[PDB]
Structure formats: C-alpha cells, structure tokens
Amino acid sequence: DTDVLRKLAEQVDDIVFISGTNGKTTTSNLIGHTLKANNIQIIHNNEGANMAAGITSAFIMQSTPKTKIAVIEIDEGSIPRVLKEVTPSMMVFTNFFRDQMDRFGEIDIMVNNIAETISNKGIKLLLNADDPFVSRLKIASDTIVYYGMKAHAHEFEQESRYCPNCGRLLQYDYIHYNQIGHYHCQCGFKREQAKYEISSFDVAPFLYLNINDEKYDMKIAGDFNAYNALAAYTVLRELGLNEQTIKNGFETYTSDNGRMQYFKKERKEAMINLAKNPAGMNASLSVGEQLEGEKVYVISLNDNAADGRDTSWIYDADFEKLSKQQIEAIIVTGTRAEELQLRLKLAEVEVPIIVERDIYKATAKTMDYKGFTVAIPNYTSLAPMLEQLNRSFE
C-alpha cells in the first residue's frame, strides 16, 4: 500500500505539500478551493488528515485520470515517512512556533531533521522569509521562493530568539508578532527579499489584502490568516495561476465553523459568529460597525448545560453600543430569547425586537430582510443556527 501511494503519486504532475506548525489547513484550503473554483481536478486531503495513512487514503480515493495536481497538508513530524514514498515538486512552509511547554530547542532539531529529509531533491521550497526557522530551510534546495510581509503592513495583536544558522542572539529591525519579522544576524543569515509580498492589509471585518500591487477582498477574518492567504497565493502563482484566477477563488473562500463565516445568495449577505461570553459578544456586536448599510441581527441565547444556566453575563456585555448602528430589526431566539429582549430594552436599543424562540425559524426570518444579517449564537445555538443558514443560502 506504501507502493500503491508511490505508484499513484507518480502519475500526478504537480504535488504540493503544505507544512509548518500553524495555519496548514487554512493555507491548504485556500489552494484547493481556488483550483476547484477553476475546474482543475485535484487530490486534496481537505479534511486535514495530514499523517501518512490519511495522505495515502486521499490519494487512493481521489486519484482519477484527470487529477493533475495533488494538494496535501502534512503533519511536520510525518515528513520523513511520507517522503520515502512520495517526492513533491513543491513544498510551502508556514511557520515553526515553539510552544511554551516544548523542551529545550526541540524546534531547530525538528527543522534540521526536515532539512535533512527534503535535502537535494529538486523540491521548489516556498518559505516564509519573515520566519527565521522556516528560512533556515533554504539550505535544503537550490530552488527557493520567498514570501513575506512588508514592515508596518498591519499592527498585529502581540520570549527571545536565536539565529538558526549560527546560534547567536537574533537582531530584529521590525517585529510583526512573536518571531515573525525582519531579522539580520551578524553571520549573514537575514530576512531575504520576498518574491511575493503583502504591502498592507486590514480586517474590516474580513481580510483585505494588497499582494504585489493587487487587492484581494477576502471573506475570512483573523490577523494571522493574511500569512496563510499569502502562502496559498504563493503556491497558486508558482503553479502558474494568474492574479485574476487567484482573485476569483480568494474572494469566495469562507470558513465553515460558524466563526466569522460568510454567506451570500444574490444580493443578500449574512455573517455568523459564535459568542458565549461578554468578550465574545462585544466582538460580535462590533462587526456590524464595520459593515456598510442597514443590518438585521439574529441573536440566540440558549441556557442548556453546555451553555451554563446563568444568563446574567449578558448584562456584562455592551449591548448598548448597537444604538450606534443602522439596524432594521433584531430577532432574539433560543430558550432564553426573552432575556435578550429585556436586555435590549434596558440597553435602550430602540429598533423592533422580534421574539422567535425556535432558532430555525428565527434564523430563516433574516432572509425576509434586505440588510446584512449579523447572526450571533451562543454555544448550543450554533449548530441549529448554522444549519438553517446553510439551508437558506441554498
């Protein structure tokens, strides 16, 4: 079966591996989504099964005569095992973050083992120039492509680092976050110039990227996802895709867990974002400020065991700020919809409140409005609300 993978992979022209400690899945999804949005048959372990068996399984179940590109997310610790049977043409690495519970220098050791494993195989390596420990993999191929982010592209929501070439303390001209930044040892190991670079971006509420003098209007959020998008951008370009083809798929990709998850049908738009505590609610209530036009809210408050039976925390949330927004109506739902109605009355939020305790009906009701749906469930409300939203958007 390890010979069957070897046999299956041989008939695939382009095999792209995605690895690193964080962001592999988002990166890999952006790549597979964008190719699929262009009618390119691909093998894609789109479920995150990034170990040898799951990679083997994807190849078995998805390979066809028309499958030109394999897009494979790989657990970094499985790189040696998979390389015995598959050699990729291209490999992108996102980052290498040492966790605080990791033992002494388990990172550089991991990166050496990876560099030794992939060494001298003609693999085109796509490296995060801003991560010193990804950039250390430059020693492992003669075909290196850098991506990175211009200094001051974004103000990220922020221990000490040692050079991976010579081991001396690293000097940084600028820090994006943690170890990600513009560094330069005295040994010569430095932050190299990037072939593809983000000059600036913002999150208002979704990523809006500026890559090599082109603008990408995303439908996912999260600071850190600019890097995953840029990594996916770099794969797609190196596969020969053009700005427009890449832009088409980047503009439609969305998350699927109910966290800043976007929806669209014709001109009607919605966004759903889980909030189950004062800080999560405040952030979900803020999203509407950054959306243009009238908004229609559906907010769900269940009080099941997993939610907690005490709903008093909604008084610690800043529902009063909704008065600064342009809102057609707020539908309150869940087993404790009436606490939400009463909370909003005391918030002096003077828009129509519709009490509809059935989460399904309350959520579908937002389709009756033309404004941007902002949908906010607490924990046990999420699955029914998300399911209705997928129903309503076809």
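Residue numbers here begin at 1 and follow the sequence given.
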field: Gap size, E159 back to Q158 (deposited sequence, no coordinates)
entry: 4 to 9
- request: Going by the average Cα B-factor in the PDB entry, point out whether 206 to 214 or 294 to 302 comes out higher.
  value: 206 to 214
Mean Cα B-factor comparison, 94 to 102 or 143 to 151, giving the higher one as deposited: 94 to 102
- request: In terms of CA temperature factor as recorded, identify the highest of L344, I40, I354, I55.
  value: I40
- prompt: So among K361, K68, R336, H44, who wins on Cα B-factor in the entry?
  reply: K68
- line: By the entry's values, the third containing the CA B factor of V332 is the lowest
query: Sorting the chain's CA B-factors, does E289 end up in the lowest, middle or highest third?
result: highest
- prompt: Mind checking which third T64 falls in for C-alpha B-factor across the chain?
  reply: highest
query: So where's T245 on the chain's Cα temperature factor ranking, which third?
result: highest
statement: Chain thirds by Cα B factor, record data; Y315 belongs to the lowest
